[PDB]
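In what follows, a single structure is set out as structure tokens and then discussed.
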Amino acid sequence: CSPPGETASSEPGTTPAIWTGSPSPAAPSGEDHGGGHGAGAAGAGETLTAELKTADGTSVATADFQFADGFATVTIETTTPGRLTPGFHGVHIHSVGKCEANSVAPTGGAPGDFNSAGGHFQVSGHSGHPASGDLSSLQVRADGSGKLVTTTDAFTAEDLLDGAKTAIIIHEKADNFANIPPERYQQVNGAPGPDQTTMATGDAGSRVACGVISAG
Amino acid sequence: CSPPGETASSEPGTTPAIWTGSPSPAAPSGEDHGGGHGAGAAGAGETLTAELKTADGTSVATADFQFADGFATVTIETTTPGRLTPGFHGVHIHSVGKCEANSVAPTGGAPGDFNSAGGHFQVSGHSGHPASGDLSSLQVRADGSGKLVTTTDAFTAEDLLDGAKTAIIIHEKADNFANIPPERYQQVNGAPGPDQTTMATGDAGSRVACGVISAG
Amino acid sequence: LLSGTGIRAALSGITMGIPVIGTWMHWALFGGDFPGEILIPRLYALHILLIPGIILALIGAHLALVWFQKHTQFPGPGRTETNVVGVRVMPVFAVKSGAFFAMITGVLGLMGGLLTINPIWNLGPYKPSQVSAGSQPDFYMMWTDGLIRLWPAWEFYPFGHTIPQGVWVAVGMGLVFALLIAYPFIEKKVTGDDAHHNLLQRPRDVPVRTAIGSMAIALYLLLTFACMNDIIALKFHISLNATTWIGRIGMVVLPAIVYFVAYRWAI
Amino acid sequence: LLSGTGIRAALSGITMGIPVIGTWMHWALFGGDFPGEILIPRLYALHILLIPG
Amino acid sequence: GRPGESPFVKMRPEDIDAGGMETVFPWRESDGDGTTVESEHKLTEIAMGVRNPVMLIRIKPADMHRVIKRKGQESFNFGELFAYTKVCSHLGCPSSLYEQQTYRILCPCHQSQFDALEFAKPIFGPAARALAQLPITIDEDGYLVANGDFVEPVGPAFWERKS
Amino acid sequence: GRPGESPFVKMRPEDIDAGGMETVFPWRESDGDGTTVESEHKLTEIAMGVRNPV
Amino acid sequence: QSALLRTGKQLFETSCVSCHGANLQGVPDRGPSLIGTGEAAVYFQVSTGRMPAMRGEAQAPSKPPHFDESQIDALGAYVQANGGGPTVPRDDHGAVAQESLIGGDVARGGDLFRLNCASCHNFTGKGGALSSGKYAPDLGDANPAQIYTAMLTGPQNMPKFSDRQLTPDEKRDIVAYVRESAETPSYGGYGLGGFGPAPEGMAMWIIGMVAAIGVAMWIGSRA
Ligand SMILES: CC(C)=CCC/C(C)=C/CC/C(C)=C/CC/C(C)=C/CC/C(C)=C/CC/C(C)=C/CC/C(C)=C/CC/C(C)=C/CC/C(C)=C/CC1=C(C)C(=O)c2ccccc2C1=O
Ligand SMILES: CCCCCCCCCCCCCCCC(=O)O[C@H](COC(=O)CCCCCCC[C@@H](C)CCCCCCCCC)COP(=O)(O)O[C@H]1[C@H](O)[C@H](O)[C@H](O)[C@@H](O)[C@@H]1O
Ligand SMILES: CCCCCCCCCCCCCCCC(=O)O[C@H](COC(=O)CCCCCCC[C@@H](C)CCCCCCCCC)COP(=O)(O)O[C@H]1[C@H](O)[C@H](O)[C@H](O)[C@@H](O)[C@@H]1O
Ligand code: HEC
Ligand code: HEC
Ligand SMILES: CCc1nc2ccc(Cl)cn2c1C(=O)NCc1ccc(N2CCC(c3ccc(OC(F)(F)F)cc3)CC2)cc1
Ligand SMILES: CCc1nc2ccc(Cl)cn2c1C(=O)NCc1ccc(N2CCC(c3ccc(OC(F)(F)F)cc3)CC2)cc1
Ligand code: FES
């Protein structure tokens with residue numbers, strides 16, 4: 001006797017399709033956690049990275065911020081070694097999450113990587129001092145890299161996923177905020193006070209980079 | 001018969017001293033190590049913390065930075081809930097590692113938490129733009145906490161452990177860096193250029209906090 | 001847990017206690033210290049193959065001797081030292097022997113069903129730390145355990161050496177066995193009966209031996225209940241020290257009283 | 001390895017090939033599939049006591 | 001008695017309260033929880049160590065003045081905590097039973113009573129040698145650690161002992 | 001055949017070259033490497049799987 | 001509560017002042033101090049009925065409760081107010097929690113029992129004998145709350161297992177194991193108590209030996 005199955009010369013066959021397994025069901029529901037935190041928003045977990053893209057599409061930096069124990073942990077690894085000149089880039093948090101080459105929310109001059117709908121991405125009820133939207137200098141030496149953090153928790157993971165996606169913007173200036181005292185310093189008009197342009201958010205030359213903060 | 005050895009000998013005894021164990025030669029052949037990194041210096045590893053103290057010793061914050069993959073990863077936790085006023089604080093890297101109440105390296109007025117030997121703790125050969133001495137700004141909302149990061153890698157763990165211990169100085173200002181362009185704004189002297197005092201490092205009001213970076 | 005602590009006490013402790021080679025015997029039996037990983041397989045080999053085989057060979061010898069040293073008999077009307085009065089094997093004796101085997105098997109099956117023996121599941125796996133209050137062996141080793149309990153903690157300490165109290169029980173067993181195995185020879189040496197005896201003797205007709213056997217049974221029962229002095233105290237409210245000392249005084253007094261009473265009873 | 005593959009061939013395959021009760025005999029002998037956790041102790045019982053007896 | 005994971009956890013003096021006994025084992029830092037395969041075998045060795053188990057008993061302060069110590073073991077107790085081997089000095093059964101308000105360490109294999117107040121010497125039953133007392137103290141972070149090994153062998157006695 | 005740890009490793013088509021044979025087993029994501037006590041038995045079960053090897 | 005404390009004081013002043021001073025400090029060589037014993041101690045000691053002890057002997061035995069649940073709570077609250085100590089567990093309603101004290105895990109509860117409880121009680125919760133006139137009573141009768149409070153307060157010659165030795169989770173686990181062993185039928189026929197070798201041997205020598213010898217006497221003759 002011969003087994004019933006036997007040969008099939010016809011229908012040569014097709015290349016197997018790439019396998020895409022289904023998620024483990026309620027039985028093996030146990031799986032790696034994506035992160036825990038307060039998450040006072042639609043949901044972001046304890047892991048949220050970002051990629052900083054330059055005007056030519058070449059990555060300049062890679063920002064990241066995620067809630068850990070109610071206080072955000074962040075770190076912006078350099079994307080290229082020669083991306084940053086030996087100097088300070090004005091860091092800021094923009095309310096607009098579109099890092100387009102040239103786009104301005106209002107009717108006026110559209111600076112490069114200036115899609116922010118204003119200055120710094122402050123809190124909803126904050127419109128004065130430099131809230132968490134404002135950031136200080138990101139320093140690069142002759143090596144040309146950026147890796148250093150601070151403490152600025154005017155916001156949280158709850159405010160990270162706002163109505164308009166936020167982003168991390170790298171300017172071309174340090175962090176001073178009208179360091180010239182009003183007693184002896186003066187502005188163009190002679191007023192001892194500082195300029196609102198430099199007070200609302202870190203203003204500098206052409207934007208160094210812009211990276212969407214929505215899990216970029 | 002009775003066993004040879006028993007009885008107190010009428011000797012009271014003493015309370016056992018706190019146990020202080022030694023390293024494990026039998027189990028470990030050598031001395032185990034923690035964090036790993038390039039550490040081109042006397043040795044810092046991949047773990048270095050810091051504590052931010054106030055003028056009266058109150059814990060303003062707690063910074064911590066360490067080298068991981070050639071780009072220093074840092075983060076500063078909030079030490080108090082209402083420590084930070086609802087505004088912007090300028091975080092900078094100071095050459096002086098002493099968080100004294102008021103120390104002045106040069107000959108002049110000593111400012112609070114101004115023991116830094118100059119402006120920003122740049123590299124040895126870096127004395128111009130805002131090098132690694134500049135760090136992310138400390139923006140504080142009504143919450144009063146610090147959690148935010150930037151990309152400042154002009155200095156590394158190898159350069160961190162320099163001759164003079166470095167530190168983190170928290171100011172009380174935003175990050176502008178003479179954002180007023182020379183075209184429209186002017187200085188007290190009438191020259192469109194900015195002030196060197198605000199260009200050497202982030203200058204603001206009385207220092208908000210000072211924390212030793214030497215594994216504080 | 002119960003059997004494990006029984007092993008720990010008996011095998012480990014007593015074997016280690018033996019002066020000259022005790023530790024060596026312990027290390028040979030366990031292949032090392034007590035929790036040696038070759039104990040249970042060795043006991044399995046000894047228990048399913050070796051000891052049952054030796055017992056079967058000795059039972060074969062026993063039954064062969066009884067068969068050919070034709071069974072002894074009690075004195076009676078037509079019964080003498082030179083005959084066997086009874087029933088031939090085939091018609092009657094075989095049938096009743098088989099029926100008795102059937103009924104004994106039935107009793108054992110009824111017990112195996114209706115009575116719970118060694119409910120090991122209640123007894124967790126053996127651990128050197130876990131314990132139980134009962135901690136007895138089967139009744140045939142309860143005399144050993146009771147001899148342990150009642151022997152008053154007597155140890156001796158030679159030049160840099162220890163002779164633990166456990167040693168005593170080993171000697172005890174020796175004597176016990178040394179007296180059980182050898183008894184007929186002591187009987188024939190003392191009494192002087194060197195004659196071919198085929199007619200049994202009613203126990204009453206031998207007051208001295210009946211008294212001796214009653215004394216031995218009394219000592220065995222005292223030791224067995226001493227092993228259960230823990231449970232006896234728990235159920236029958238008697239202080240544990242009181243039961244221990246009752247056994248201690250009894251293992252010397254109760255045998256004497258039982259001997260006297262049994263002697264007078266036989267007479 | 002050698003004796004294990006010998007068991008696999010003979011005791012498992014032949015036993016489970018028998019038409020009427022092959023699988024049943026295999027599962028009774030091994031208490032389950034071929035590498036069943038009761039095989040070697042049972043063979044030990046068969047080989048030190050039962051078959052020698 | 002957790003099923004496999006972290007069966008042993010460091011201990012603190014506050015945990016034992018006056019007139020309380022707890023069985024403790026020699027857990028090393030290397031012998032971490034049983035999560036991995038390398039561990040869960042060291043921990044099994046600790047659990048199956050015949051002489052490993054010890055009982056830590058907190059002597060009531062009111063009874064403290066009654067404690068009688070053993071020469072060479074005068075400081076083995078850390079305050080009112082006393083570590084005595086559970087293994088009976090007679091035939092090596094655990095001496096698990098503990099009676100407070102009478103301070104009697106009882107061994108149930110052969111009903112042997114040691115006085116816990118006085119150095120754990122046998123005051124009744126077959127046992128004739130005192131239970132070995134383990135030196136104890138507290139290390140950094142306040143965890144109870146043995147202050148050294150038993151000054152004498154701890155199991156049941158044997159021929160080559162007491163020299 | 002590493003001693004105990006990570007006995008089963010993912011495999012990729014280029015690993016086996018033309019005219020090469022490899023014995024492979026049904027390893028799952030859940031059946032991680034053999035470090036854990038929970039693992040080292042799923043992997044042992046895979047190894048002892050009489051019909052598992054391919 | 002004010003009325004609860006009043007009732008507890010009333011009951012205390014006429015049931016136990018003789019053993020324990022009116023200020024709850026133990027009378028010398030009659031009874032110990034109740035300061036700091038706690039409501040858990042009072043509940044376990046009086047619910048089991050031990051406390052109207054009525055004699056000083058080796059071991060105070062369990063006996064029918066001399067007070068009802070409300071009076072037990074009154075006495076316990078009185079003692080808790082005086083010294084302050086362990087408190088009997090309670091559920092949402094406020095009654096002495098008994099069902100809620102059955103821990104889910106039993107194997108872990110079994111290990112805990114064997115390491116701690118079986119030392120003197122039994123493999124399966126039966127009793128055990130102690131040094132001189134003392135014993136460990138059977139755990140079959142004690143309700144979950146009583147077992148929990150017994151662990152939480154070592155009555156007499158019982159090690160006191162504080163909340164730190166056995167956290168409420170471990171105590172509930174041990175309670176669950178105790179109840180399961182106590183109420184679980186003995187698989188394999190009538191379980192002769194819980195002690196194996198002694199009842200088993202006694203039952204052999206009675207049932208099996210009397211049956212076998214009687215059958216031998218029936219089959220055999222006498223002469
Ligand atoms: C070393 C040693 C023997 C020390 C002394 C310990 C001991 C045996 C003390 C005596 C125990 C007794 C008899 C207590 C009752 C109070 C008492 C002493 C009264 C005075 C004694 C006396 C001479 C009275 C005159 C009349 C007389 C002889 C009365 C005896 C009364 C009794 C108990 C008769 C029956 C004998 C008997 C069965 C004793 C118990 C023996 C054992 C080991 C039982 C084991 C056993 C137990 C422990 C169970 O829990 C169990 C639970 C469920 C099913 C089965 C059993 C079971 O078989
Ligand atoms: C088959 C078995 C037959 C028995 C055989 C043996 C017969 C010889 C009997 C010898 C009697 C010896 C009694 C002495 C015992 C002893 O020395 O211990 C005392 C306790 O005296 C007692 O109870 C007196 C007990 C006397 C009763 C003996 C009665 C005979 C019975 C057993 C016969 C029935 C047999 C039925 C068998 C059934 C059939 C079998 C098949 C004190 O202990 P303790 O408790 O610790 O008291 C502390 C102080 O010490 C301390 O100072 C003080 O301060 C306190 O703290 C106190 O606690
Ligand atoms: C040929 C053999 C024939 C054997 C007969 C078989 C009888 C089958 C019985 C029915 C099926 C199996 C029952 C298994 C369920 C079961 O075990 O049965 C207990 C009972 O047990 C007891 O109390 C004893 C009650 C008295 C009646 C039974 C006495 C039978 C004896 C006499 C037969 C053996 C011979 C012994 C003679 C010894 C005499 C020496 C002269 C009943 O529950 P309980 O009563 O509540 O047990 C308490 C837990 O609750 C509680 O936690 C626990 O902690 C305890 O307190 C526990 O007692
Ligand atoms: C006679 C003496 C009595 C009386 C009438 C009461 N008690 Fe007390 N008590 C007595 C003794 C000898 C002991 C210690 C041994 C034992 O408990 O049997 C106690 C102990 C207690 C405890 C235990 C304290 C603890 O475990 O930490 C409690 C809670 C207690 N006693 C309370 C109590 C109450 C409420 C009484 C009236 C209902 C009472 N006792 C009476 C002695 C005696
Ligand atoms: C020998 C030391 C000892 C150990 C250890 C011990 N017990 Fe007890 N137990 C006793 C004694 C003695 C009593 C008697 C209490 C009394 O007389 O007030 C008792 C009483 C009890 C009771 C009261 C039951 C009743 O009906 O009165 C329970 C329940 C109990 N124990 C459970 C436990 C548990 C659970 C453990 C493990 C945490 C444990 N025991 C450990 C000795 C001990
Ligand atoms: C100890 C009592 C006991 N307490 C408990 C508690 C709980 C439980 Cl569950 C059970 N128990 C038991 C128990 O069951 N005891 C049975 C037992 C005792 C001793 C031996 N012994 C064999 C010979 C050795 C020996 C002696 C002489 C030798 O020299 C020679 F012969 F010349 F080689 C060699 C070895 C000693 C041990 C066996 C079983
Ligand atoms: C297979 C060949 C082989 N290849 C290798 C390779 C490597 C190595 Cl190392 C060894 N080998 C061997 C090998 O050693 N073969 C021995 C062998 C063969 C058959 C059986 N069989 C007995 C009957 C059973 C049976 C069948 C019917 C029955 O029905 C009845 F009788 F009515 F109940 C009862 C039992 C099946 C197994 C055993 C051993
Ligand atoms: S086993 Fe401990 S007293 Fe003998």
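How things are named: the first chain in the structure tokens is A, the next is B, and so on; residues count from 1 in each chain; ligands count from 1 in the order shown.
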Notebook entry, point to check: Please, which residues of chain D, numbered as in this document, come out helix (DSSP H, G or I) from DSSP, as a PyMOL selection string?
Noted result: chain D and resi 2-17+22-30+39-50
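Using only C-alpha atoms and all ligand atoms, we find that the residues with an atom at most 6 Å from any atom of ligand 7 are residues 2, 3, 5, 6, 9, 10, 11, 14 and 15 of chain D.
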Note to self: To check your reading of the model: which residues sit at most 6 Å from ligand 6 when counting only C-alpha atoms and all ligand atoms? Write the answer as a count of residues only.
What the structure shows: 17
Note to self: Residues within 9 Å of residue 135 in chain G, please, as a VMD selection string. Count only C-alpha atoms; anything in the same chain fewer than 5 positions from it doesn't count.
What the structure shows: (chain C and resid 233 to 234 237 239 to 240) or (chain G and resid 59 120 to 121 127 to 130)
Checklist line | Distance in Å - CA of residue 23 in chain C versus atom 2 (Fe, counted along the ligand's line) of ligand 8 | finding: 18.2 Å
Next item on the list: Counting only C-alpha atoms and all ligand atoms, name the residues that have an atom within 6 Å of an atom of ligand 3; the answer should be given as a PyMOL selection string.
Entry: (chain C and resi 110-111+114-115) or (chain G and resi 126+138-140+182-183+185-186+189-191+193+202-203)
Item checked: Long-range neighbours of residue 23 in chain G as a PyMOL selection string, 12 Å cut-off, only C-alpha atoms, 5 positions minimum in chain -> chain G and resi 9+12-13+16-18+32-35+78-79+81-83
Within 7 Å of ligand 4, counting only C-alpha atoms and all ligand atoms: which residues, as a tab-separated table (two decimals) with C-alpha atoms, in the first residue's frame?
chain	number	residue	atom	x	y	z
G	12	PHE	CA	-14.47	44.00	84.01
G	15	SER	CA	-15.39	39.27	86.52
G	16	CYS	CA	-11.62	39.75	86.56
G	18	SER	CA	-9.52	39.59	91.33
G	19	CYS	CA	-6.95	38.28	88.84
G	20	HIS	CA	-6.03	41.70	87.42
G	30	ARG	CA	-2.68	35.72	90.17
G	31	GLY	CA	-2.89	37.35	86.74
G	32	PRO	CA	-0.74	39.42	84.39
G	34	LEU	CA	-3.71	43.77	80.71
G	37	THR	CA	-2.50	43.36	75.61
G	38	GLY	CA	-4.95	44.87	73.14
G	41	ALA	CA	-5.89	39.56	73.07
G	42	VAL	CA	-9.14	40.15	74.95
G	45	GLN	CA	-8.92	34.99	75.29
G	46	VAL	CA	-12.58	35.60	76.22
G	50	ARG	CA	-10.32	30.99	78.81
G	51	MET	CA	-10.40	34.17	80.90
G	52	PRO	CA	-12.86	33.51	83.68
G	53	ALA	CA	-10.04	31.10	84.34
G	54	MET	CA	-11.23	30.01	87.80
G	55	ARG	CA	-7.91	28.34	88.67
G	56	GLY	CA	-4.16	28.75	88.46
G	59	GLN	CA	-2.44	25.40	81.33
G	60	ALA	CA	-5.62	27.45	81.24
G	75	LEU	CA	-14.16	44.14	77.26
G	76	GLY	CA	-11.75	44.38	74.35
G	153	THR	CA	-1.12	37.54	70.48
G	154	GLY	CA	0.72	34.57	71.94
G	155	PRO	CA	-1.61	33.61	74.79
G	156	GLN	CA	0.66	31.54	77.02
Checklist line | Exercise answer, 6 Å around ligand 5 with only C-alpha atoms and all ligand atoms, as number ranges by chain | finding: E: 97-99; G: 59-62, 113, 116-117, 119-120, 135-139, 141-142, 147, 150-151, 155-159, 174
Write the residues you've just listed into a file as a CSV table (one decimal), in the first residue's frame, and include N, CA, C and O atoms for each of them.
chain,number,residue,atom,x,y,z
E,97,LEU,N,9.7,23.6,68.9
E,97,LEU,CA,8.7,24.2,69.8
E,97,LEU,C,9.3,25.2,70.7
E,97,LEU,O,10.4,25.0,71.2
E,98,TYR,N,8.6,26.3,70.9
E,98,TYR,CA,9.1,27.4,71.8
E,98,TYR,C,8.0,27.8,72.8
E,98,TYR,O,6.9,28.0,72.3
E,99,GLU,N,8.3,27.8,74.1
E,99,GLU,CA,7.3,28.2,75.1
E,99,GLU,C,7.8,29.5,75.7
E,99,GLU,O,8.9,29.5,76.4
G,59,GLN,N,-1.9,25.0,82.6
G,59,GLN,CA,-2.4,25.4,81.3
G,59,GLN,C,-3.9,25.8,81.5
G,59,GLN,O,-4.7,24.9,81.9
G,60,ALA,N,-4.2,27.0,81.2
G,60,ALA,CA,-5.6,27.5,81.2
G,60,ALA,C,-6.4,26.9,80.0
G,60,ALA,O,-6.0,27.1,78.9
G,61,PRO,N,-7.4,26.0,80.2
G,61,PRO,CA,-8.0,25.4,79.1
G,61,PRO,C,-9.1,26.2,78.5
G,61,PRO,O,-9.7,27.1,79.1
G,62,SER,N,-9.4,25.9,77.2
G,62,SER,CA,-10.6,26.5,76.6
G,62,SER,C,-11.9,26.0,77.1
G,62,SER,O,-12.0,24.8,77.5
G,113,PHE,N,2.4,27.3,58.0
G,113,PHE,CA,1.9,26.5,59.1
G,113,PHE,C,2.9,25.5,59.6
G,113,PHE,O,3.3,25.4,60.8
G,116,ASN,N,5.9,27.1,61.3
G,116,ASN,CA,5.6,27.8,62.5
G,116,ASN,C,4.6,27.1,63.4
G,116,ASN,O,4.8,26.9,64.6
G,117,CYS,N,3.5,26.7,62.9
G,117,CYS,CA,2.4,26.1,63.7
G,117,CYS,C,2.6,24.7,64.0
G,117,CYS,O,2.5,24.2,65.2
G,119,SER,N,5.0,22.9,64.4
G,119,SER,CA,6.1,22.7,65.4
G,119,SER,C,5.5,22.1,66.7
G,119,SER,O,6.1,21.1,67.2
G,120,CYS,N,4.4,22.6,67.1
G,120,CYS,CA,3.7,22.1,68.3
G,120,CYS,C,2.3,21.6,68.1
G,120,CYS,O,1.9,20.7,68.9
G,135,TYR,N,-0.1,22.1,76.7
G,135,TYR,CA,-0.3,21.5,75.4
G,135,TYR,C,-0.7,22.5,74.5
G,135,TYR,O,-1.1,23.7,74.8
G,136,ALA,N,-0.7,22.2,73.2
G,136,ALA,CA,-1.2,23.0,72.1
G,136,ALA,C,-2.6,22.5,71.7
G,136,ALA,O,-2.7,21.4,71.1
G,137,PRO,N,-3.7,23.2,71.9
G,137,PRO,CA,-5.0,22.6,71.6
G,137,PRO,C,-5.2,22.5,70.1
G,137,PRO,O,-4.5,23.1,69.3
G,138,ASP,N,-6.2,21.6,69.8
G,138,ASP,CA,-6.6,21.4,68.4
G,138,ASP,C,-7.1,22.7,67.8
G,138,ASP,O,-7.8,23.5,68.5
G,139,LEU,N,-6.8,22.9,66.5
G,139,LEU,CA,-7.3,24.1,65.8
G,139,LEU,C,-8.6,24.0,65.1
G,139,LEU,O,-9.1,24.9,64.4
G,141,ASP,N,-11.7,23.8,66.3
G,141,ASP,CA,-12.8,24.7,66.8
G,141,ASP,C,-12.6,26.1,66.5
G,141,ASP,O,-13.6,26.8,66.3
G,142,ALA,N,-11.4,26.6,66.6
G,142,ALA,CA,-11.1,28.1,66.5
G,142,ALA,C,-11.6,28.6,65.1
G,142,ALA,O,-11.3,28.0,64.1
G,147,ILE,N,-8.2,32.2,65.2
G,147,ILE,CA,-6.8,31.8,64.8
G,147,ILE,C,-5.9,33.0,64.5
G,147,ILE,O,-4.8,33.1,65.0
G,150,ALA,N,-5.0,34.6,67.8
G,150,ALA,CA,-4.1,33.8,68.5
G,150,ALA,C,-2.6,34.0,68.0
G,150,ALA,O,-1.7,34.1,68.7
G,151,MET,N,-2.5,34.0,66.6
G,151,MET,CA,-1.2,34.3,66.1
G,151,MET,C,-0.8,35.7,66.5
G,151,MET,O,0.4,36.0,66.8
G,155,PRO,N,-0.9,33.6,73.5
G,155,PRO,CA,-1.6,33.6,74.8
G,155,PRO,C,-0.7,33.2,76.0
G,155,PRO,O,-0.6,34.0,76.9
G,156,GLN,N,-0.1,32.1,75.9
G,156,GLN,CA,0.7,31.5,77.0
G,156,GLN,C,1.5,30.4,76.5
G,156,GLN,O,0.9,29.4,76.1
G,157,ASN,N,2.8,30.5,76.5
G,157,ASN,CA,3.7,29.6,75.9
G,157,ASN,C,3.6,29.5,74.4
G,157,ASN,O,4.2,28.6,73.8
G,158,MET,N,2.8,30.3,73.8
G,158,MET,CA,2.7,30.6,72.3
G,158,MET,C,3.6,31.7,72.0
G,158,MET,O,3.5,32.8,72.6
G,159,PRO,N,4.5,31.5,71.0
G,159,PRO,CA,5.3,32.7,70.5
G,159,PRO,C,4.3,33.7,69.9
G,159,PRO,O,3.3,33.4,69.3
G,174,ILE,N,-2.3,31.6,56.7
G,174,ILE,CA,-2.3,30.6,57.7
G,174,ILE,C,-3.7,30.2,58.3
G,174,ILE,O,-4.0,29.0,58.5
Note to self: Please list as a PyMOL selection string every residue within 10 Å of residue 13 in chain E, counting only C-alpha atoms and excluding residues in the same chain fewer than 2 positions away.
What the structure shows: chain E and resi 11+15-17+56+58+78-81+137-138+142-144
Note to self: Which residues are near ligand 8 in this structure, taking near to mean any atom at most 10 Å from a ligand atom and counting only C-alpha atoms and all ligand atoms? Format them as a PyMOL selection string.
What the structure shows: (chain C and resi 5-6+8-10+13-14+135+145+148-149+153+165-166) or (chain E and resi 86-96+106-114+122+124-128+156)
Margin query: Neighbours of ligand 2 at 8 Å or closer, counting only C-alpha atoms and all ligand atoms: which residues, as a list in words?
Written below: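 Residues lying within 8 Å of ligand 2: residues 218, 221, 222, 225, 238, 239, 240, 241, 242, 243, 244, 245, 246, 247, 248, 249, 250, 251, 253 and 254 of chain C; 58, 131, 132 and 133 of chain G.
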Just N, CA and C atoms for this one: save the residues we selected as a compact mmCIF listing (two decimals), in the first residue's frame.
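Result written to result.txt:
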# COMPACT_ATOMS: atom_id res chain seq x y z
N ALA C 218 5.40 -6.47 78.83
CA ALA C 218 5.14 -5.27 79.61
C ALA C 218 6.15 -4.18 79.29
N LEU C 221 5.36 -2.82 75.82
CA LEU C 221 4.20 -1.94 75.84
C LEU C 221 4.53 -0.62 76.51
N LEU C 222 5.29 -0.65 77.59
CA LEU C 222 5.68 0.59 78.26
C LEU C 222 6.49 1.47 77.33
N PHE C 225 4.17 2.89 74.51
CA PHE C 225 3.32 3.99 74.97
C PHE C 225 4.15 5.20 75.36
N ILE C 238 -2.27 14.49 81.01
CA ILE C 238 -1.19 14.18 81.94
C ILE C 238 0.02 14.98 81.50
N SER C 239 0.71 15.60 82.45
CA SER C 239 1.85 16.43 82.09
C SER C 239 2.91 15.58 81.39
N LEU C 240 3.53 16.16 80.37
CA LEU C 240 4.51 15.42 79.58
C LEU C 240 5.66 14.93 80.44
N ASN C 241 6.13 15.77 81.37
CA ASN C 241 7.16 15.32 82.30
C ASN C 241 6.65 14.18 83.17
N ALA C 242 5.38 14.24 83.59
CA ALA C 242 4.83 13.15 84.38
C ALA C 242 4.82 11.85 83.60
N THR C 243 4.42 11.90 82.32
CA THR C 243 4.43 10.68 81.52
C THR C 243 5.85 10.17 81.32
N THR C 244 6.79 11.07 81.06
CA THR C 244 8.18 10.65 80.87
C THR C 244 8.70 9.95 82.12
N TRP C 245 8.41 10.50 83.30
CA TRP C 245 8.90 9.88 84.52
C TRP C 245 8.12 8.64 84.90
N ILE C 246 6.84 8.57 84.54
CA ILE C 246 6.09 7.34 84.72
C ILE C 246 6.76 6.23 83.92
N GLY C 247 7.13 6.53 82.68
CA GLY C 247 7.84 5.55 81.88
C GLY C 247 9.22 5.22 82.44
N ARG C 248 9.93 6.23 82.94
CA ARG C 248 11.27 5.99 83.47
C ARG C 248 11.23 5.07 84.68
N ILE C 249 10.32 5.33 85.62
CA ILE C 249 10.19 4.46 86.78
C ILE C 249 9.58 3.12 86.37
N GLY C 250 8.73 3.12 85.35
CA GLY C 250 8.07 1.90 84.95
C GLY C 250 9.01 0.91 84.30
N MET C 251 9.89 1.37 83.42
CA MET C 251 10.78 0.44 82.73
C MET C 251 11.64 -0.35 83.70
N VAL C 253 10.15 -0.82 87.26
CA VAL C 253 9.20 -1.33 88.24
C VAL C 253 8.14 -2.21 87.59
N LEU C 254 7.51 -1.72 86.52
CA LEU C 254 6.43 -2.47 85.88
C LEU C 254 6.87 -3.86 85.44
N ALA G 58 -1.24 24.53 85.31
CA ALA G 58 -0.20 24.52 84.28
C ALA G 58 -0.67 25.19 83.00
N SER G 131 5.64 21.16 77.71
CA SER G 131 6.64 20.78 78.70
C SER G 131 6.07 20.08 79.92
N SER G 132 5.26 20.78 80.73
CA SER G 132 4.82 20.25 82.02
C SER G 132 3.37 20.66 82.24
N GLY G 133 2.45 19.78 81.87
CA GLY G 133 1.03 20.04 82.02
C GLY G 133 0.45 20.94 80.97
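The environment of range 20-27 of chain F within 10 Å, counting only C-alpha atoms and disregarding residues fewer than 6 places along the same chain, consists of residues 8, 9, 10, 11, 33, 42, 43, 46, 47, 49, 51, 52, 53 and 54 of chain F.
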